[PDB]
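What follows is the content of data-v8.txt, which has compact mmCIF, C-alpha atoms:
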```txt
# COMPACT_ATOMS: atom_id res chain seq x y z
CA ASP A 42 -52.52 17.89 54.18
CA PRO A 43 -52.47 20.15 51.15
CA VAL A 44 -48.94 18.61 51.02
CA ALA A 45 -50.45 15.08 50.89
CA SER A 46 -52.73 16.22 48.09
CA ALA A 47 -49.74 17.76 46.30
CA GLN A 48 -47.89 14.44 46.62
CA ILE A 49 -50.88 12.41 45.42
CA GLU A 50 -51.05 14.62 42.32
CA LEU A 51 -47.29 14.43 41.63
CA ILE A 52 -47.50 10.62 41.79
CA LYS A 53 -50.56 10.75 39.51
CA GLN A 54 -48.51 12.81 37.03
CA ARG A 55 -45.24 10.82 37.14
CA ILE A 56 -47.21 7.60 36.81
CA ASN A 57 -48.87 9.01 33.70
CA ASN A 58 -45.50 9.92 32.18
CA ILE A 59 -44.49 6.31 32.67
CA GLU A 60 -47.61 5.03 30.91
CA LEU A 61 -47.26 7.65 28.12
CA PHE A 62 -43.79 6.40 27.18
CA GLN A 63 -44.59 2.65 27.09
CA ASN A 64 -45.28 2.37 23.29
CA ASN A 65 -41.92 4.09 22.78
CA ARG A 66 -40.02 1.99 25.31
CA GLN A 67 -41.45 -1.19 23.73
CA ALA A 68 -40.72 0.29 20.30
CA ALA A 69 -37.08 1.10 21.14
CA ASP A 70 -36.72 -2.29 22.73
CA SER A 71 -37.96 -4.39 19.81
CA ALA A 72 -35.92 -2.49 17.18
CA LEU A 73 -32.68 -2.79 19.13
CA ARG A 74 -33.22 -6.46 20.00
CA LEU A 75 -34.02 -7.18 16.37
CA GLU A 76 -30.85 -5.45 15.24
CA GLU A 77 -28.79 -7.47 17.73
CA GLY A 78 -30.20 -10.67 16.21
CA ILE A 79 -29.09 -9.60 12.73
CA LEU A 80 -25.69 -8.40 13.87
CA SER A 81 -25.17 -11.70 15.63
CA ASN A 82 -26.06 -13.53 12.40
CA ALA A 83 -23.39 -11.49 10.62
CA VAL A 84 -20.85 -12.46 13.29
CA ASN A 85 -21.76 -16.13 12.69
CA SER A 86 -21.15 -15.61 8.98
CA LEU A 87 -17.86 -13.84 9.63
CA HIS A 88 -16.63 -16.67 11.91
CA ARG A 89 -17.41 -19.17 9.20
CA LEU A 90 -15.44 -17.03 6.73
CA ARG A 91 -12.51 -16.83 9.15
CA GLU A 92 -12.34 -20.60 9.28
CA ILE A 93 -12.25 -20.71 5.50
CA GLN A 94 -9.38 -18.23 5.40
CA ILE A 95 -7.39 -20.22 7.91
CA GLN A 96 -8.05 -23.40 5.88
CA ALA A 97 -7.04 -21.57 2.65
CA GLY A 98 -3.65 -20.58 4.12
CA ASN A 99 -2.61 -24.21 4.59
CA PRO A 100 0.01 -25.09 2.00
CA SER A 101 -1.06 -28.77 1.81
CA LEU A 102 -4.62 -28.10 0.50
CA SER A 103 -5.55 -29.10 -3.11
CA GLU A 104 -6.13 -26.38 -5.70
CA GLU A 105 -9.48 -27.97 -6.57
CA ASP A 106 -10.52 -28.23 -2.88
CA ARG A 107 -9.40 -24.66 -2.34
CA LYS A 108 -11.44 -23.51 -5.33
CA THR A 109 -14.60 -25.20 -4.04
CA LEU A 110 -14.34 -23.30 -0.76
CA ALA A 111 -14.95 -20.22 -2.95
CA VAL A 112 -18.53 -21.46 -3.45
CA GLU A 113 -19.16 -21.49 0.35
CA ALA A 114 -17.48 -18.09 0.56
CA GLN A 115 -20.11 -16.77 -1.90
CA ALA A 116 -22.91 -18.31 0.16
CA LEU A 117 -21.57 -16.32 3.12
CA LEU A 118 -21.18 -13.15 1.07
CA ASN A 119 -24.80 -13.51 0.13
CA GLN A 120 -25.69 -14.05 3.78
CA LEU A 121 -24.01 -10.76 4.67
CA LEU A 122 -25.79 -8.94 1.88
CA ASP A 123 -29.08 -10.40 3.12
CA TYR A 124 -28.42 -9.27 6.65
CA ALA A 125 -27.36 -5.80 5.45
CA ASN A 126 -30.54 -5.54 3.33
CA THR A 127 -32.78 -6.85 6.09
CA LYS A 128 -36.22 -5.17 6.06
CA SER A 133 -38.44 -0.49 5.85
CA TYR A 134 -34.73 -1.22 5.54
CA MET A 135 -32.92 -1.54 8.86
CA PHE A 136 -29.46 -0.28 7.85
CA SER A 137 -30.26 2.65 5.53
CA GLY A 138 -30.88 5.46 8.03
CA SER A 139 -33.54 8.06 7.14
CA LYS A 140 -33.99 6.68 3.58
CA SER A 141 -36.36 4.00 4.92
CA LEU A 142 -37.56 2.57 1.63
CA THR A 143 -34.15 2.51 -0.06
CA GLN A 144 -32.24 -0.78 -0.35
CA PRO A 145 -28.96 0.11 1.42
CA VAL A 146 -26.48 -2.23 -0.29
CA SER A 147 -26.47 -3.02 -3.97
CA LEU A 148 -24.04 -4.17 -6.61
CA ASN A 149 -23.20 -1.60 -9.30
CA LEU A 150 -22.22 -2.42 -12.90
CA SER A 151 -18.51 -1.91 -12.15
CA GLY A 152 -18.74 -4.92 -9.76
CA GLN A 153 -18.28 -3.03 -6.48
CA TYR A 154 -20.91 -3.03 -3.70
CA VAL A 155 -22.14 0.45 -2.77
CA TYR A 156 -24.24 2.04 -0.03
CA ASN A 157 -27.49 3.77 -1.06
CA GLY A 158 -28.66 4.95 2.38
CA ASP A 159 -27.48 7.84 4.53
CA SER A 160 -25.77 8.27 7.89
CA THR A 161 -28.70 9.66 9.95
CA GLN A 162 -29.49 7.88 13.22
CA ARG A 163 -33.06 7.87 14.63
CA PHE A 164 -33.45 8.57 18.31
CA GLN A 165 -36.53 7.42 20.27
CA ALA A 166 -37.61 9.36 23.37
CA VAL A 167 -38.03 6.75 26.14
CA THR A 168 -38.33 9.26 29.00
CA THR A 169 -38.97 13.04 29.13
CA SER A 170 -35.22 13.63 29.22
CA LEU A 171 -33.57 10.49 27.69
CA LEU A 172 -32.92 9.89 23.97
CA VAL A 173 -31.59 6.58 22.61
CA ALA A 174 -30.33 5.76 19.12
CA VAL A 175 -32.67 3.18 17.65
CA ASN A 176 -30.71 2.20 14.57
CA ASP A 177 -27.34 1.97 12.89
CA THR A 178 -26.46 2.97 9.38
CA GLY A 179 -25.10 0.76 6.61
CA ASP A 180 -22.04 2.91 5.95
CA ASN A 181 -20.98 2.54 9.57
CA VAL A 182 -21.82 -1.15 10.09
CA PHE A 183 -20.88 -2.92 6.85
CA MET A 184 -19.09 -0.43 4.62
CA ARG A 185 -16.38 1.53 6.45
CA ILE A 186 -13.88 -0.97 7.84
CA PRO A 187 -10.13 -0.56 7.56
CA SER A 188 -8.18 -2.65 5.04
CA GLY A 189 -5.05 -4.62 5.79
CA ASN A 190 -3.97 -4.94 9.40
CA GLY A 191 -5.96 -1.86 10.38
CA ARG A 192 -3.14 0.63 9.79
CA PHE A 193 -1.33 -0.52 6.62
CA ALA A 194 -1.93 -2.88 3.71
CA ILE A 195 0.54 -5.08 1.81
CA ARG A 196 -0.11 -6.12 -1.80
CA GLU A 197 1.99 -7.62 -4.58
CA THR A 198 3.12 -5.04 -7.21
CA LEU A 199 2.22 -5.00 -10.91
CA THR A 200 5.51 -6.70 -11.85
CA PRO A 201 4.66 -10.19 -10.62
CA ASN A 202 7.06 -11.93 -8.25
CA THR A 203 9.04 -14.95 -9.43
CA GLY A 204 10.16 -16.18 -5.96
CA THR A 205 8.32 -17.84 -3.03
CA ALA A 206 8.42 -14.79 -0.76
CA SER A 207 5.36 -13.70 1.22
CA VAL A 208 4.66 -11.11 3.95
CA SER A 209 2.86 -11.16 7.32
CA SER A 210 0.14 -8.58 8.06
CA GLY A 211 2.55 -6.67 10.28
CA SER A 212 1.78 -4.02 12.85
CA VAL A 213 2.61 -0.55 14.00
CA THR A 214 4.99 -1.31 16.88
CA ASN A 215 6.10 2.31 17.59
CA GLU A 216 3.53 5.09 17.18
CA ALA A 217 5.93 7.94 17.94
CA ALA A 218 8.04 6.75 14.98
CA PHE A 219 5.08 5.90 12.73
CA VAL A 220 5.08 7.51 9.27
CA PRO A 221 2.31 7.00 6.73
CA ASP A 222 3.58 6.75 3.14
CA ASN A 223 3.22 4.58 0.03
CA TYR A 224 6.24 2.35 0.49
CA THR A 225 7.72 -0.09 -2.00
CA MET A 226 9.80 -3.03 -0.74
CA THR A 227 12.17 -4.49 -3.26
CA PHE A 228 14.78 -7.22 -3.10
CA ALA A 229 18.02 -7.00 -4.99
CA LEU A 230 21.30 -8.78 -5.49
CA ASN A 231 24.33 -7.48 -3.57
CA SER A 232 27.75 -6.67 -5.14
CA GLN A 233 28.89 -9.93 -3.46
CA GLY A 234 25.90 -11.75 -5.04
CA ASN A 235 23.69 -12.05 -1.94
CA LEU A 236 19.98 -11.25 -1.53
CA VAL A 237 19.31 -7.89 0.14
CA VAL A 238 16.14 -6.00 1.17
CA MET A 239 15.39 -2.38 0.32
CA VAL A 240 12.49 -0.05 1.14
CA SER A 241 11.54 3.38 -0.17
CA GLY A 242 8.52 5.71 -0.06
CA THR A 243 6.98 8.36 -2.33
CA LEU A 244 7.17 11.01 0.42
CA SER A 245 9.99 9.53 2.49
CA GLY A 246 12.47 8.70 -0.28
CA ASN A 247 14.93 5.91 0.49
CA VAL A 248 14.27 4.34 3.92
CA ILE A 249 16.13 1.02 4.02
CA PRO A 250 18.92 1.93 3.56
CA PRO A 251 18.96 5.72 3.41
CA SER A 252 21.79 5.47 0.83
CA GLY A 253 19.47 3.80 -1.71
CA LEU A 254 22.42 1.65 -2.73
CA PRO A 255 22.26 -2.21 -2.50
CA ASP A 256 25.73 -2.55 -0.92
CA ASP A 257 24.52 -0.53 2.10
CA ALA A 258 21.34 -2.65 2.48
CA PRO A 259 20.67 -5.38 5.09
CA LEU A 260 20.91 -9.04 4.10
CA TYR A 261 17.54 -10.80 3.78
CA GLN A 262 16.99 -13.29 6.61
CA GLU A 263 14.04 -15.69 6.23
CA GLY A 264 11.34 -15.22 8.89
CA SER A 265 13.16 -12.20 10.26
CA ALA A 266 11.42 -8.95 11.21
CA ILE A 267 11.98 -6.05 8.82
CA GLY A 268 11.07 -2.73 10.40
CA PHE A 269 10.94 0.92 9.48
CA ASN A 270 9.07 4.08 10.48
CA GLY A 271 7.07 2.58 13.34
CA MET A 272 6.16 -0.57 11.41
CA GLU A 273 7.30 -4.17 11.49
CA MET A 274 6.52 -7.18 9.32
CA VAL A 275 7.99 -10.60 8.48
CA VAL A 276 8.96 -11.83 5.02
CA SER A 277 9.21 -15.60 4.52
CA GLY A 278 10.30 -17.93 1.73
CA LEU A 279 13.00 -17.35 -0.89
CA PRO A 280 12.41 -14.10 -2.84
CA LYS A 281 14.17 -13.48 -6.15
CA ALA A 282 16.08 -10.32 -7.11
CA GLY A 283 13.42 -8.14 -8.74
CA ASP A 284 10.49 -9.28 -6.57
CA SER A 285 8.69 -6.52 -4.69
CA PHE A 286 5.72 -5.58 -2.51
CA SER A 287 3.64 -2.43 -1.94
CA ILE A 288 3.01 -1.26 1.59
CA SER A 289 0.26 1.34 1.72
CA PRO A 290 -1.92 3.02 4.34
CA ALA A 291 -5.28 1.40 5.03
CA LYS A 292 -8.35 2.25 2.90
CA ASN A 293 -11.90 1.99 4.19
CA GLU A 294 -13.34 -1.21 2.67
CA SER A 295 -16.69 -3.10 3.13
CA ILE A 296 -17.16 -6.58 4.62
CA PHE A 297 -18.44 -7.41 1.09
CA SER A 298 -15.27 -6.35 -0.74
CA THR A 299 -13.21 -8.42 1.67
CA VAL A 300 -15.21 -11.55 0.82
CA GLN A 301 -14.91 -10.78 -2.91
CA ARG A 302 -11.16 -10.66 -2.52
CA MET A 303 -11.43 -14.01 -0.74
CA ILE A 304 -13.40 -15.48 -3.60
CA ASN A 305 -10.81 -14.19 -6.09
CA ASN A 306 -7.85 -15.35 -4.00
CA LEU A 307 -9.36 -18.83 -3.65
CA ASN A 308 -9.68 -19.10 -7.44
CA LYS A 309 -5.96 -18.30 -8.00
CA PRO A 310 -3.68 -21.24 -9.00
CA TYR A 311 -2.27 -23.29 -6.08
CA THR A 312 -0.10 -26.35 -6.93
CA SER A 313 3.40 -24.94 -7.64
CA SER A 314 5.35 -23.54 -4.65
CA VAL A 315 5.57 -20.15 -6.40
CA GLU A 316 1.82 -20.10 -7.03
CA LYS A 317 1.07 -20.81 -3.36
CA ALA A 318 3.35 -18.03 -2.11
CA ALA A 319 1.45 -15.60 -4.39
CA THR A 320 -1.71 -16.24 -2.44
CA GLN A 321 -0.07 -16.14 1.00
CA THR A 322 0.62 -12.39 1.42
CA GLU A 323 -3.03 -11.87 0.49
CA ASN A 324 -4.17 -14.73 2.75
CA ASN A 325 -2.61 -12.92 5.68
CA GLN A 326 -4.33 -9.68 4.68
CA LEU A 327 -7.76 -11.19 4.46
CA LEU A 328 -7.43 -12.87 7.85
CA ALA A 329 -6.74 -9.41 9.32
CA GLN A 330 -9.65 -7.88 7.45
CA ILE A 331 -12.02 -10.54 8.72
CA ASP A 332 -10.79 -10.00 12.29
CA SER A 333 -11.24 -6.27 11.73
CA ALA A 334 -14.76 -7.02 10.59
CA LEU A 335 -15.36 -9.32 13.54
CA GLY A 336 -14.04 -6.73 16.01
CA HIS A 337 -15.95 -4.00 14.28
CA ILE A 338 -19.37 -5.65 14.43
CA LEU A 339 -18.63 -6.47 18.06
CA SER A 340 -18.18 -2.77 18.79
CA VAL A 341 -21.52 -2.04 17.16
CA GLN A 342 -23.04 -4.85 19.23
CA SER A 343 -21.42 -3.37 22.36
CA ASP A 344 -22.85 0.09 21.65
CA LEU A 345 -26.20 -1.44 20.80
CA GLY A 346 -26.00 -3.25 24.14
CA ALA A 347 -25.20 0.06 25.79
CA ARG A 348 -28.35 1.57 24.30
CA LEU A 349 -30.29 -1.37 25.69
CA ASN A 350 -28.62 -0.72 29.06
CA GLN A 351 -29.76 2.91 28.97
CA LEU A 352 -33.32 1.72 28.41
CA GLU A 353 -33.25 -1.04 31.08
CA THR A 354 -31.72 1.43 33.56
CA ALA A 355 -34.69 3.75 32.90
CA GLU A 356 -37.16 0.90 33.43
CA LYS A 357 -35.41 0.14 36.77
CA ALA A 358 -35.84 3.80 37.81
CA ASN A 359 -39.56 3.35 36.96
CA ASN A 360 -40.02 0.07 38.89
CA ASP A 361 -38.25 1.66 41.88
CA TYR A 362 -40.43 4.81 41.70
CA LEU A 363 -43.57 2.66 41.76
CA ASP A 364 -42.22 0.71 44.75
CA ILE A 365 -41.55 4.01 46.57
CA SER A 366 -44.82 5.61 45.35
CA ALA A 367 -46.68 2.57 46.61
CA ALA A 368 -44.85 3.03 49.97
CA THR A 369 -46.05 6.64 50.24
CA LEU A 370 -49.61 6.03 49.01
```

Could you render the structure from this file as structure tokens?
Amino acid sequence: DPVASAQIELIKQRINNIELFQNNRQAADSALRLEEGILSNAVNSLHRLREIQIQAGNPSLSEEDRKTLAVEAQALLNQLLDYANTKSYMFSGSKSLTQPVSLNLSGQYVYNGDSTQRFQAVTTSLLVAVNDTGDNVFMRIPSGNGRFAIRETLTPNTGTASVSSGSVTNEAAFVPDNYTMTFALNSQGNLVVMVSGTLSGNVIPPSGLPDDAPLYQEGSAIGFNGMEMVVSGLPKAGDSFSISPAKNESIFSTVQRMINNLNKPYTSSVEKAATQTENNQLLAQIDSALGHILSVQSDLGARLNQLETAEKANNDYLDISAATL
């Protein structure tokens, strides 16, 4: 059977393609599996940091005991740096010999790599990303709740007010701006809430005028332009907060903020409320980090699943080739 011969040869040639891509398959497999192990170490570090942030938000924790948690925080920051600078550097893209994350003289951590992914050919027609890049994994994560950030203004607050991380509850109505939220005394002497924005002008109330503004209610939801957030405690006329859109920000920066927030004073009721708005932000930012690394793990696991699915196709072709021959 010149057909039988033809088959024999096609099996010869497909079998050789399988052998010729082994080094690569093994190569792609080790690299990915090794990355997973590092990413999972980062998740372990992040979880430990989350537990610190939850602990740090408890009002009945000493100032001294709170400060000492800052030391562990640093240990975990270092862990993350280590993982990010794992070695040829894993998370630096095409700049193999360049240390991806380093600390500049301003005090901010910066990324020295580039954003190029390497793709390994594991079959004639299949290409699989073999690495991730430091900018994507550790550096570009959204601040605040993921959509907007809340920080205390330059004029420091004198009350015990603090804000939750909030959320965008109505996307249709969402409007990005740099909002300022201020509390003021009414004409009748009561505490009222006001909100305005650079681009949007006066939001709550449109009037701008205190007498038109809604009374402050502790633990109540204040909402405007698609957003919604809860102020707690007793603010003082004059106190204010900035609500801004979310910056990209590295896991590292988040932990630095943690270290700084842990070192703030924490015995007086006013002092504690100062830390709280920020406590709520950092919890979000850790969860954003946690979620974010998970998505990189998920995509890494997808890339594995491309490669295992190819190996199955192989093992099935041998089983069928056997059957013929």

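Across A:287, A:65, A:210, A:205, the tightest approach to residue 319 in chain A is made by A:205 when counting only C-alpha atoms.
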
Item to complete: For residue 284 in chain A, please output as JSON, numbers by chain all residues within 8 Å (counting only C-alpha atoms; exclusion window: fewer than 6 positions along the same chain).
Response: {"A": [200, 201, 202, 203, 204, 227, 228]}

Worksheet item: In Å, with one decimal, what is the gap from CA of residue 315 in chain A to CA of residue 264 in chain A?
Response: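 One can read the CA of residue 315 in chain A to CA of residue 264 in chain A distance as 17.1 Å.
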
Practice prompt. Could you check which of A:71, A:354, A:340, A:325 is closest to residue 97 in chain A, using all atoms listed in the file?
Written response: A:325

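Among the candidate residues A:238, A:370, A:329, A:121, the one lying nearest to residue 79 in chain A is A:121, with distances computed using all atoms listed in the file.
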
Response to the item:
Counting all atoms listed in the file, closest pick from A:272, A:367, A:226, A:266 relative to residue 247 in chain A is A:226

Worksheet item: What's the 12 Å shell around residue 206 in chain A, counting all atoms listed in the file, without same-chain residues fewer than 5 positions away, as a ChimeraX atom specification?
Response: /A:197,201,226-228,238,261-264,275-286,314-323

Residue contacts of residue 145 in chain A (6 Å, all atoms listed in the file) excluding same-chain residues fewer than 2 positions away, as a short mmCIF file (atom, residue, chain, number, x, y, z; two decimals) with C-alpha atoms, in the coordinates of the input:
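Saved file selection_17.cif follows:
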```
data_model
loop_
_atom_site.label_atom_id
_atom_site.label_comp_id
_atom_site.auth_asym_id
_atom_site.auth_seq_id
_atom_site.Cartn_x
_atom_site.Cartn_y
_atom_site.Cartn_z
CA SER A 137 -30.26 2.65 5.53
CA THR A 143 -34.15 2.51 -0.06
CA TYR A 156 -24.24 2.04 -0.03
CA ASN A 157 -27.49 3.77 -1.06
CA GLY A 158 -28.66 4.95 2.38
#
```

Item to complete: Have a look at CA of residue 124 in chain A and CA of residue 82 in chain A and let me know their distance in Å, one decimal.
Response: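 Atom-to-atom, CA of residue 124 in chain A and CA of residue 82 in chain A are spaced 7.5 Å apart.
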
Fill in: Which residue of A:231, A:86, A:149, A:330 approaches residue 185 in chain A most closely, using only C-alpha atoms
A:330

Point (-8.7, -18.0, -5.1), cut-off 10 Å, counting all atoms listed in the file, residues as a short mmCIF file (atom, residue, chain, number, x, y, z; two decimals) with C-alpha atoms, in the coordinates of the input:
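Dumped to point23.cif:
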```cif
data_model
loop_
_atom_site.label_atom_id
_atom_site.label_comp_id
_atom_site.auth_asym_id
_atom_site.auth_seq_id
_atom_site.Cartn_x
_atom_site.Cartn_y
_atom_site.Cartn_z
CA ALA A 97 -7.04 -21.57 2.65
CA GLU A 104 -6.13 -26.38 -5.70
CA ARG A 107 -9.40 -24.66 -2.34
CA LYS A 108 -11.44 -23.51 -5.33
CA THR A 109 -14.60 -25.20 -4.04
CA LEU A 110 -14.34 -23.30 -0.76
CA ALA A 111 -14.95 -20.22 -2.95
CA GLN A 301 -14.91 -10.78 -2.91
CA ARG A 302 -11.16 -10.66 -2.52
CA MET A 303 -11.43 -14.01 -0.74
CA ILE A 304 -13.40 -15.48 -3.60
CA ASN A 305 -10.81 -14.19 -6.09
CA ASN A 306 -7.85 -15.35 -4.00
CA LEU A 307 -9.36 -18.83 -3.65
CA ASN A 308 -9.68 -19.10 -7.44
CA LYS A 309 -5.96 -18.30 -8.00
CA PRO A 310 -3.68 -21.24 -9.00
CA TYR A 311 -2.27 -23.29 -6.08
CA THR A 320 -1.71 -16.24 -2.44
CA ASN A 324 -4.17 -14.73 2.75
#
```

Would you save range 189-216 of chain A from the block above with N, CA and C atoms, as a PDB file, in the first residue's frame?
```pdb
ATOM      1  N   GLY A 189      -6.881  53.255  46.196  1.00  0.00           N
ATOM      2  CA  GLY A 189      -8.194  53.355  46.780  1.00  0.00           C
ATOM      3  C   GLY A 189      -9.000  52.101  46.551  1.00  0.00           C
ATOM      4  N   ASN A 190     -10.307  52.282  46.366  1.00  0.00           N
ATOM      5  CA  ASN A 190     -11.235  51.164  46.254  1.00  0.00           C
ATOM      6  C   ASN A 190     -11.196  50.501  44.893  1.00  0.00           C
ATOM      7  N   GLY A 191     -10.388  51.040  43.984  1.00  0.00           N
ATOM      8  CA  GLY A 191     -10.284  50.523  42.638  1.00  0.00           C
ATOM      9  C   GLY A 191     -10.783  51.542  41.648  1.00  0.00           C
ATOM     10  N   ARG A 192     -11.683  52.418  42.076  1.00  0.00           N
ATOM     11  CA  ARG A 192     -12.210  53.480  41.201  1.00  0.00           C
ATOM     12  C   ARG A 192     -11.949  54.905  41.703  1.00  0.00           C
ATOM     13  N   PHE A 193     -12.072  55.106  43.021  1.00  0.00           N
ATOM     14  CA  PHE A 193     -11.719  56.378  43.649  1.00  0.00           C
ATOM     15  C   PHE A 193     -11.061  56.234  45.000  1.00  0.00           C
ATOM     16  N   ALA A 194     -10.254  57.243  45.334  1.00  0.00           N
ATOM     17  CA  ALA A 194      -9.448  57.291  46.546  1.00  0.00           C
ATOM     18  C   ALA A 194      -9.943  58.410  47.458  1.00  0.00           C
ATOM     19  N   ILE A 195      -9.825  58.207  48.767  1.00  0.00           N
ATOM     20  CA  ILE A 195     -10.224  59.210  49.749  1.00  0.00           C
ATOM     21  C   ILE A 195      -9.063  59.469  50.684  1.00  0.00           C
ATOM     22  N   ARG A 196      -8.644  60.727  50.785  1.00  0.00           N
ATOM     23  CA  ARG A 196      -7.513  61.111  51.627  1.00  0.00           C
ATOM     24  C   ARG A 196      -7.926  62.342  52.434  1.00  0.00           C
ATOM     25  N   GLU A 197      -7.254  62.561  53.559  1.00  0.00           N
ATOM     26  CA  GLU A 197      -7.483  63.756  54.349  1.00  0.00           C
ATOM     27  C   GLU A 197      -6.827  64.921  53.589  1.00  0.00           C
ATOM     28  N   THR A 198      -7.371  66.132  53.727  1.00  0.00           N
ATOM     29  CA  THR A 198      -6.826  67.313  53.037  1.00  0.00           C
ATOM     30  C   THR A 198      -5.582  67.856  53.753  1.00  0.00           C
ATOM     31  N   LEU A 199      -5.025  68.947  53.244  1.00  0.00           N
ATOM     32  CA  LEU A 199      -3.871  69.560  53.882  1.00  0.00           C
ATOM     33  C   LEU A 199      -4.267  70.174  55.229  1.00  0.00           C
ATOM     34  N   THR A 200      -5.353  70.950  55.257  1.00  0.00           N
ATOM     35  CA  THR A 200      -5.899  71.426  56.538  1.00  0.00           C
ATOM     36  C   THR A 200      -6.282  70.173  57.323  1.00  0.00           C
ATOM     37  N   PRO A 201      -5.614  69.935  58.462  1.00  0.00           N
ATOM     38  CA  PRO A 201      -5.915  68.700  59.174  1.00  0.00           C
ATOM     39  C   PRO A 201      -7.250  68.800  59.910  1.00  0.00           C
ATOM     40  N   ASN A 202      -7.946  67.675  59.995  1.00  0.00           N
ATOM     41  CA  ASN A 202      -9.238  67.617  60.659  1.00  0.00           C
ATOM     42  C   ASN A 202      -9.105  67.650  62.174  1.00  0.00           C
ATOM     43  N   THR A 203     -10.056  68.306  62.825  1.00  0.00           N
ATOM     44  CA  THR A 203     -10.061  68.421  64.283  1.00  0.00           C
ATOM     45  C   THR A 203     -11.101  67.518  64.948  1.00  0.00           C
ATOM     46  N   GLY A 204     -11.972  66.895  64.144  1.00  0.00           N
ATOM     47  CA  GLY A 204     -13.028  66.006  64.650  1.00  0.00           C
ATOM     48  C   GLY A 204     -12.612  64.546  64.695  1.00  0.00           C
ATOM     49  N   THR A 205     -13.581  63.641  64.878  1.00  0.00           N
ATOM     50  CA  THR A 205     -13.324  62.184  64.860  1.00  0.00           C
ATOM     51  C   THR A 205     -13.924  61.499  63.619  1.00  0.00           C
ATOM     52  N   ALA A 206     -14.171  62.279  62.574  1.00  0.00           N
ATOM     53  CA  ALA A 206     -14.813  61.738  61.386  1.00  0.00           C
ATOM     54  C   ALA A 206     -13.838  60.871  60.639  1.00  0.00           C
ATOM     55  N   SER A 207     -14.355  59.806  60.026  1.00  0.00           N
ATOM     56  CA  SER A 207     -13.589  59.006  59.049  1.00  0.00           C
ATOM     57  C   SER A 207     -14.505  58.483  57.951  1.00  0.00           C
ATOM     58  N   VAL A 208     -13.929  58.048  56.830  1.00  0.00           N
ATOM     59  CA  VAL A 208     -14.719  57.599  55.673  1.00  0.00           C
ATOM     60  C   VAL A 208     -14.438  56.145  55.273  1.00  0.00           C
ATOM     61  N   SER A 209     -15.476  55.446  54.819  1.00  0.00           N
ATOM     62  CA  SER A 209     -15.324  54.088  54.272  1.00  0.00           C
ATOM     63  C   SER A 209     -14.683  54.163  52.884  1.00  0.00           C
ATOM     64  N   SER A 210     -14.317  53.014  52.307  1.00  0.00           N
ATOM     65  CA  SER A 210     -13.643  53.036  51.012  1.00  0.00           C
ATOM     66  C   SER A 210     -14.608  53.372  49.879  1.00  0.00           C
ATOM     67  N   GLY A 211     -15.891  53.114  50.114  1.00  0.00           N
ATOM     68  CA  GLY A 211     -16.932  53.462  49.175  1.00  0.00           C
ATOM     69  C   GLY A 211     -16.954  52.562  47.956  1.00  0.00           C
ATOM     70  N   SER A 212     -17.863  52.863  47.036  1.00  0.00           N
ATOM     71  CA  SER A 212     -17.909  52.163  45.768  1.00  0.00           C
ATOM     72  C   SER A 212     -18.694  52.965  44.780  1.00  0.00           C
ATOM     73  N   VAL A 213     -18.475  52.631  43.512  1.00  0.00           N
ATOM     74  CA  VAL A 213     -19.315  53.112  42.426  1.00  0.00           C
ATOM     75  C   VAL A 213     -20.562  52.212  42.361  1.00  0.00           C
ATOM     76  N   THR A 214     -21.692  52.750  42.825  1.00  0.00           N
ATOM     77  CA  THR A 214     -22.947  52.006  42.848  1.00  0.00           C
ATOM     78  C   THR A 214     -23.838  52.226  41.614  1.00  0.00           C
ATOM     79  N   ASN A 215     -23.572  53.270  40.824  1.00  0.00           N
ATOM     80  CA  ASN A 215     -24.307  53.493  39.563  1.00  0.00           C
ATOM     81  C   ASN A 215     -23.422  54.034  38.426  1.00  0.00           C
ATOM     82  N   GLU A 216     -23.002  53.126  37.544  1.00  0.00           N
ATOM     83  CA  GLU A 216     -22.046  53.442  36.493  1.00  0.00           C
ATOM     84  C   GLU A 216     -22.574  54.465  35.493  1.00  0.00           C
TER      85      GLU A 216
END
```
